[PDB]
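Novice: this one's experimental. Sequence and coordinates below.
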Amino acid sequence: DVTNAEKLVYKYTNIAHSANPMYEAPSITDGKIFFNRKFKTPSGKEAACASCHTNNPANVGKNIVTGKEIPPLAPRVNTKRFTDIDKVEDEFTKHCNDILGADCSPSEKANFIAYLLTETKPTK
Ligand code: HEC
């Protein structure tokens, strides 16, 4: 839910600030850029988080590999997101590894979850 998501932003901010002292607080601008940024897959094809989750994380997504819909990421819209707090940190680490080849950094996670807190309305 939103409660657990918000608490994770503080957790990852404090980890990030220890590792990278110039980082002090989340940037929702940077979280949004991270979500939409086209990165290069090994093949040379570009992809972004938004390729599967759409450019609005309040919307239902679609996996470009399998065609399967994906529930929204924004926890105000899909309140199940982040409720499974014993597992969701490990699951996010696994997912970053799957999509990008390595875990997302603590500042990337703080910025991204803070951005998710701000996306409360689906695109119509
Ligand atoms: C399609 C190939 C995807 C791309 C590119 C990214 N994600 Fe994804 N994401 C995808 C699926 C099929 C799933 C699992 C199904 C589900 O409903 O959870 C997810 C899930 C997430 C989650 C939720 C994790 C959890 O609650 O356990 C998050 C926060 C998430 N995805 C974020 C995310 C980011 C930041 C991405 C770019 C680095 C990204 N995803 C890419 C499919 C795909």
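Specialist: Right, received. Where do you want to start? Numbering: from 1, shown residues only.
Novice: can we go C-alpha only for contacts and neighbour counts from here?
Specialist: OK.
Novice: residue 82: how many residues sit nearby?
Specialist: Residue 82 sits with 22 neighbouring residues when counted by other Cα atoms under 10 Å.
Novice: with the ligand as the reference, measure out to the nearest residue to it once chain neighbours are set aside.
Specialist: Take residue 82 and drop its neighbours on the chain: the residue closest to it by Cα to Cα, 6 or more residues apart in numbering is residue 1, 5.4 Å away. The spacing between residue 1 and the ligand, counted by Cα to the nearest ligand atom, to the nearest Å, is 10 Å.
Novice: please apply the same query to residue 122.
Specialist: 16 Å.
Novice: element containing that residue?
Specialist: Using DSSP states H and E, residue 122 falls within no helix or strand.
Novice: renumber starting at 580 from here on
Specialist: Sure thing, new numbering starts at 580, so read that last one as residue 701.
Novice: contacts only, for it.
Specialist: Applying Cα atoms under 8 Å, 6 or more residues apart in numbering, we find residue 701 in contact with 635-638.
Novice: having no further points to raise, I will conclude here.
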